[PDB]
Every structure is written in C-alpha cells, then in structure tokens.
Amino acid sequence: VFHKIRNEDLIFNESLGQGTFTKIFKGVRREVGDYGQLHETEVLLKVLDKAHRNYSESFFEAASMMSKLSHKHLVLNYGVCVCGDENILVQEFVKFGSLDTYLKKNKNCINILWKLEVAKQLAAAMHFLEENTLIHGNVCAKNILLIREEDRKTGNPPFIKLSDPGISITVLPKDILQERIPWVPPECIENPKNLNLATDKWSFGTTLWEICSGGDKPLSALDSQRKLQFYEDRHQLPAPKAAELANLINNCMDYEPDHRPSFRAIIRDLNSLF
C-alpha cells in the first residue's frame, strides 16, 4: 500500500492543467528525509476530480501496482494524500515535463539520434513491464516525461520516464475511449476487457509516430465517429515525413494482437538502425 502523506505537509502551487478526470498541480512536500534531515521537495500532485470519485479505485490501483516495481525509466510515486474529501497521488516532479510538448517546442532541434535514444528508453521500460506481466494501458507521448535534456557538449543523451497509467480503459466511458483512438487498440474498442500485454505494443507504435511527428496528434482531424470507422476500415497511420521508424510503427500497430512483436524484438530492431 502507498505511504500516507498528511495534507498539512503539502502545499499546492500552479496548475499544470487537466488530465482524465484529474487536475494536476505543482506542489511542495515538507518531509523528514534520510538522516532526519528536513526537506522541502518539489512534487507533482494529481487530484482526482470530486465529481468522479467513483473512479478512485482505478485511479490508485494503477499507480500502486507499478510503484511495486522500481525501474530507472518509471516515474516514482512518493505516496498518497487521502485526507478530507480529496484523493491525491504525490509523484516525482519531472523537470522538463511532457514529451509531446517538448517535441513541439524543440522540433527544429530534434534529430533521428535523439529520437532513437528516446524510443530505446521507452522500449526498455516496456520490456521491463512485459517481463513482469504488467499492462500499462496508456502509453502515449504526453505520458513520457523528460528528466533531462540532451547535452552534446558532454555526450549526455536525453533521459525519459514513463508516467503512471491513470484510470484504466477497462472502466472508462466509451466516448473517452473512442477519443483515444489510435492509442487504444482496435480490440479494446471492440471490448475494453480485451486489455492485454499486446495492448501496449500497439500504443507504443502510436507513440513512436508522435515522436516522429513533431508533437502532432495522429488522427486529430477526425471526430470520434470517423476514428471508429478508421478502425472498422483497418487503416494504418500515415508514414511520418521523417520515415525512419515507419516500418516499426506499422509492425507494432498490427490489427492482429498476436502478431505484434515482443519488446525484445522491438529493441533489436531499434538497435539495428543508424
């Protein structure tokens, strides 16, 4: 179970926007750390909407199972604050924020080598999850957080972490799921209980498309009815103009879940490039 954090030890500062039934804030946590030393630590506070408190079990279940695993490319959760009427996840604050935002802001400056490094790191994280038979269920560029920027001067690559899953697609309303096409795979639109390890291979493909597409969101021009028909017609996403990962994207986004490559195979493919 999660460490319980007192509301009195948390200060809410600026809003970072809204997620799926959540409000996100930057905050400060006062804590006693190692050696009895007092700290004030920057934290990310995820607040489940009061109106959607029926989703709290899924909201926290997500975080919990993954926080039972420690991995360098997985975001650290510090604990929960369940004081009063609020349900709050207290998470590590990742300095450079979401990859999708970063891709759009720095697109002129991002090259294939940076992209490959980030893809490899994401694949490493997903391989670890696969090995542990843990389904993430919401792999996407917004849910990849940049801990550190590339520094050519020192040969340091960028470094990312994958955030928590959030409320499971197995409990979310149909209209939200449809809006999340083409991250949610076709079999999960058919039946959200089809959530499986193969789910994350599909979403990984979509995420690679994002990584190659400068922060663009695939199929954003299609309304929900048209996104449904896209899957009914068995279309694939267009190749990004920077096409180096296009074959890998299509191999991951295979309409037959059984044919989607293992993360081991994905990593081998990535290692074979530039």
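We call the rigid core the largest set of C-alpha positions that still match within 1.5 Å between the two forms. Sequential numbering from 1, following the sequence displayed.
**Student:** Between 60 to 68 and 217 to 225, pick out the one whose C-alpha positions differ more from the shown form in 4 other deposited structures of this protein, using the rigid core for superposition.
**Tutor:** Relative to the shown form, the greater RMS C-alpha distance in 4 other deposited structures of this protein belongs to 60 to 68.
**Student:** According to the deposited model, is the average Cα temperature factor higher in 107 to 115 or in 200 to 208?
**Tutor:** If you average the C-alpha B-factors of 107 to 115 and of 200 to 208, the larger mean comes out for 107 to 115.
**Student:** For the C-alpha atoms alone, is the average B factor greater in 36 to 44 or in 53 to 61, going by the entry?
**Tutor:** Of 36 to 44 and 53 to 61, the stretch with the higher C-alpha B-factor average is 53 to 61.
**Student:** Which one of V184, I147, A141, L195 shows the biggest C-alpha B-factor in the PDB entry?
**Tutor:** Among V184, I147, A141, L195, the highest C-alpha B-factor in the entry belongs to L195.
**Student:** If I read the C-alpha B-factors straight from the PDB entry, which of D164, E86, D100, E130 is highest?
**Tutor:** Comparing C-alpha B-factors across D164, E86, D100, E130, the maximum falls on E86.
**Student:** Lowest, middle or highest third: where is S67 by Cα B-factor in its chain?
**Tutor:** Highest third of the chain for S67's C-alpha B-factor.
**Student:** Using the B-factor values recorded in the entry, state whether the Cα atom of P218 falls in the lowest, middle or highest third among the modelled residues of its chain.
**Tutor:** Its C-alpha B-factor belongs to the lowest third of this chain's values.
**Student:** Lowest, middle or highest third: where is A124 by C-alpha B factor in its chain?
**Tutor:** For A124, whose C-alpha B-factor we compare with every modelled residue in the chain, the answer is the lowest third.
**Student:** What third of its chain's C-alpha B-factors does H73 belong to: lowest, middle or highest?
**Tutor:** For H73, the deposited C-alpha B-factor lands in the lowest third.
**Student:** Divide the modelled residues of the chain into thirds by Cα B-factor and specify which third, lowest, middle or highest, holds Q18.
**Tutor:** As the PDB entry reports it, the C-alpha B-factor of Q18 lands in the highest third of its chain.
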